[PDB]
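Quick notes on the structure that follows.
Neighbour counts are summed over all protein chains in view; Cβ atoms, including those assigned to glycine, are modelled from backbone coordinates with ideal geometry. Nothing in this text is a laboratory measurement; each read-out follows from the coordinates by a stated rule.
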Amino acid sequence: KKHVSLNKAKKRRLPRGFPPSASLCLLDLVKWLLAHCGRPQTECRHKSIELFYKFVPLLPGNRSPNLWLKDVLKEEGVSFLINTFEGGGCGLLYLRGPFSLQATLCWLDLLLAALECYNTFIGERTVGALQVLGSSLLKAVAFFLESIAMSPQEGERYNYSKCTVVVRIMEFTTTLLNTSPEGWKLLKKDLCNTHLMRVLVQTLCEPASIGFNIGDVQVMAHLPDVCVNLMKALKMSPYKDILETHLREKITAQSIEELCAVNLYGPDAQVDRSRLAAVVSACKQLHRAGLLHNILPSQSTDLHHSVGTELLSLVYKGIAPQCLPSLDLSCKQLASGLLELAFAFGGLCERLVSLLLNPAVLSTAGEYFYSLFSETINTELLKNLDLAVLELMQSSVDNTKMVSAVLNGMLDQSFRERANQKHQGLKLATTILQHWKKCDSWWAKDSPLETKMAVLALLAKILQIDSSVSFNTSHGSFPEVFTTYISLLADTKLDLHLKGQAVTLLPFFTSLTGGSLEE
């Protein structure tokens, strides 16, 4: 606040930890910052770096750290801007097993400091990536990449200080990759060999063997987003062939077709369930990375990945029993992740809505498949918009109970999250409001008296889902929906009771003009 307008030349007071001077306006403080930026204590690096960025443009040059750093580096020497990176530990088979000696943890601390001191100056354009490499950085991380996956009550602290490194390594190769095109040719082949394209495969598929553990509550959260950030950063560099050749033998379609457990719904715990969950999380994050059909364009040309159709058929026929496949809190969760992955290859919508209508019957001690899952199915039918309702209402007479049930089951779920999206509800309302002709057999006379209360419930639902802003002035079948609403009021329709939920919808209607008002 105050001193940046009062950087005068007076007799200040010297601090602890410097040779003396006369005035110390800001230059001595920021020089102490820049020389002491390589403090290896990880709670201090962030604060020193952020203080550097917020403390450079207050010397009266009013510069920017992209140009002022080079303006110093031209006369300060290139050793000045690399001895901060160096550390005193630029360089043992007794550390092959995980050990917790006082030197080992401090060496990993040096590695973390030397790793992340360049991430902000590479993501920032303070110094371009030519003037930094043009070393022991690459050598030490290469040796650690060949010495990564190898006191059993205290060496897991060393294991935590191991697992904190590789993620920031990966994010450093992202910030070198997607900031300068020369880095596609600057990073030599001593690092982008099978080391990185083995450790990424181990990070995604089966990572509870290198030392990451489910029970870590923060790094397990922060991992599979920056890893997908890396895997999408790896398309502006020509190593996409390296990734495809390093992936397509392990998590490919052969693995999934062999790992479909012929006794799935049972007592098996780890090597089928954890492995299947790992690989579907891997393909989910690959689908987030946009590289899944760049792995598995599987079999044919019917706009249907045959492995995905096989996933749907095993999800169906697995529930097909002996007596009945019992459920769980994770035997359903594997099915949920299975369906969420299997509904991401291509369209796969008409297959679903044709499977749902099924006249087959089940005899236990046929439309039960909707009743279980019923949340992801409806939120995907939400996304397939403005045609799914039409291909539903194509059949509305032979199996009316199912079409009423599925319209309710999507409408309530679009109704529940009415405070986040707000557009799918009104669009679903407007795309169901212009489709009354497919259900004309409902709102007339000569009907069984269970359909009519369902139709009034449909009216109340699709009216309550929105407000009276887009109903009058002939919105859709507005006189047709009005005359179905009137022709509800027959005579042998209800004792009284069923009319009350009709009379509660009157504030929607009472804004019209003469004519029908007198009616």
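For this structure, a couple of remarks:
- Boolean, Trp68 is more than 38 Å from the chain's Cα centre (by Cα), part of a helix (DSSP H, G or I) and surrounded by fewer than 16 Cβ atoms within 10 Å (Cβ to Cβ): no
Conditions tested, residue by residue: (1) loosely packed, with under 12 Cβ neighbours inside 10 Å; (2) farther than 26 Å from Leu108 by Cα.
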| position | (1), (2) |
| --- | --- |
| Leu27 | no, yes |
| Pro60 | yes, yes |
| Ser64 | no, yes |
| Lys74 | yes, yes |
| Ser79 | yes, no |
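Conditions (1) at positive phi; (2) hydroxyl-bearing (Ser, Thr, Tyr); (3) loosely packed, with under 15 Cβ neighbours inside 10 Å, marked per residue:
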| residue | (1), (2), (3) |
| --- | --- |
| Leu392 | no, no, no |
| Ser396 | no, yes, no |
| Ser404 | no, yes, no |
| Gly409 | no, no, no |
| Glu417 | no, no, yes |
| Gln424 | no, no, no |
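- Count of residues meeting criterion [out of contact with any helix residue (DSSP H, G or I) (no Cβ under 6 Å at 6 or more places or on another chain), among the hydrophobic types (A, V, I, L, M, F, W, C), surrounded by fewer than 14 Cβ atoms within 10 Å (Cβ to Cβ) and part of a loop (DSSP other than H, G, I, E, B)] in segment 81-99: 1
- The one condition from (1) under 24 Å from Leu264 (Cα atoms); (2) in a loop (DSSP other than H, G, I, E, B) that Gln299 does not meet is (1).
- Checked against the criterion of being closer than 23 Å to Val165 by Cα and among the charged types (D, E, K, R), segment 225-233 has at least one qualifying residue.
- Meeting the requirement of 2 or more residues that are under 41 Å from the mean Cα position of the chain (by Cα), the helices (runs of 4 or more DSSP H) wholly within segment 450-513 are 451-464.
- Only residues that are outside any loop (DSSP other than H, G, I, E, B) and not charged (D, E, K, R) were counted across segment 302-331, and they come to 13.
- Given (1) within 40 Å of the chain's Cα centre (by Cα); (2) not in a loop (DSSP other than H, G, I, E, B); (3) not acidic (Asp, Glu), index of the condition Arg63 fails: (2)
- Qualifying residues in segment 494-514 (those that are out of contact with any helix residue (DSSP H, G or I) (no Cβ under 7 Å at 6 or more places or on another chain) and surrounded by 14 or more Cβ atoms within 10 Å (Cβ to Cβ)) - the one farthest from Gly425 (Cα to Cα): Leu494
- In segment 124-141, the residues that are assigned to a helix (DSSP H, G or I) and under 30 Å from the mean Cα position of the chain (by Cα): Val141
- Qualifying residue in segment 107-123 (condition: in a loop (DSSP other than H, G, I, E, B), of a type in the set (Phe, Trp, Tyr) and surrounded by 13 or more Cβ atoms within 10 Å (Cβ to Cβ)): yes
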